[PDB]
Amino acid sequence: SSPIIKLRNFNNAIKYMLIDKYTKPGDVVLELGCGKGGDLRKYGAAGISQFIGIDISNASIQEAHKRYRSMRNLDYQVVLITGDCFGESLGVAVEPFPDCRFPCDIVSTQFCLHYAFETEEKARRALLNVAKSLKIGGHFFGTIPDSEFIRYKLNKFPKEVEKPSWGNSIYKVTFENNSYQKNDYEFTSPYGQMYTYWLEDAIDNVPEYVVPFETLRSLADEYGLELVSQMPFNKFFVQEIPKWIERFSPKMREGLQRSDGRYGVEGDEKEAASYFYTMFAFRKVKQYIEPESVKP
C-alpha cells in the first residue's frame, strides 16, 4: 500500500528468490546477523535440515526465540545464538551449541554484512568466519548496498559538499565526509567508509559502511570463495520473477504488481530497494589455510 510497505514486500520477495535459488533440501544454514529471525520461515519450502541464527543483539535473539516458541516446531532444527559474527571468531558463539552441524551448506548474511566493513580487521574476520563454516561446494549469499549505485550517487557531488547526502521519502544516506570526492572520486580505503542510513520504520539513522564489491570479491577469493553471481536487486528480481509468479499467493502477487502489469517496484521504493541493494552469491572452492600456520 504505502511505499515503505511495498519496499518490505519487494525485499522479502528478493530473499525468497535468493534462498530458494541456492539452498537445497537437507542443507544446514548459518544465518549471520539473523535479527529477530524474519527469514527463519523462508527456509521451510527449501526443506533444510537445520537453521543456525546468530545475531549480536540479545534482544533480537530473545525475540527470535519467543517467535519460534509460539510457532509449531518446523521440520528443521532451529538454533538461535547471541554472538558477534564479525568482530569475533564464530567458535566463541557456537561452542555452547554442540547441536550445530558444521561445516554447513549455506551461509546467509541478509542486510548486515556491510556492518563488517567498519574496519579491514572486521571485514576479514567476518569473511574468515563465513569461509571456515562452509563445506567445499557450500554457498555464501546475501544482500548489501550496491557500491556501484553508491559510487554513481557520490560521483554527482562537487568536491565542496562536506557531507554528501541523498534519499527520498523513505530512505536517506548521509556520508560522514567528502574524502571520496576530494580523492578524485575514489574511496581512500575500502573500509570504514561510513554513512548514516535511514529507512522508514526500519533503520533509525544508524552508521553503516560501504562494501566496495571488488574488495568483498577480493577478500572472498583470498579465503577460498569464488563469485557465482552479483546482481542489483532490480536485475535479480527480473531474472527470478518468471519462476516465482506462480509460487506467490494472490496477496503476495498483488503487493508486487505494478499498474502496467509487470512485477517489481516503482516510485521511491524503486530506488530505495531495487537500485540501492545488490545480492551476491559465492561458492567455497578451496579450504583456506592461514599463512605461516603449518609448523614442523
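Don't overthink the numbering: it's just position in the shown sequence, from 1.
- For the two regions 229-237 and 57-65, the entry's Cα B-factors average higher over 57-65.
- For the two regions 66-74 and 267-275, the entry's Cα B-factors average higher over 66-74.
- Per the deposited record, the Cα B-factor of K122 falls in the middle third when ranked against the other modelled residues of its chain.
- Among the modelled residues of its chain, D146 has a C-alpha B-factor that falls in the lowest third according to the deposited record.
- Placement of the Cα temperature factor of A131 within the chain: middle third of the modelled residues, per the deposited record.
- In the deposited entry, the Cα temperature factor of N9 sits in the top third of values across the chain's modelled residues.
- Among the modelled residues of the chain, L113 sits in the lowest third by CA temperature factor in this PDB entry.
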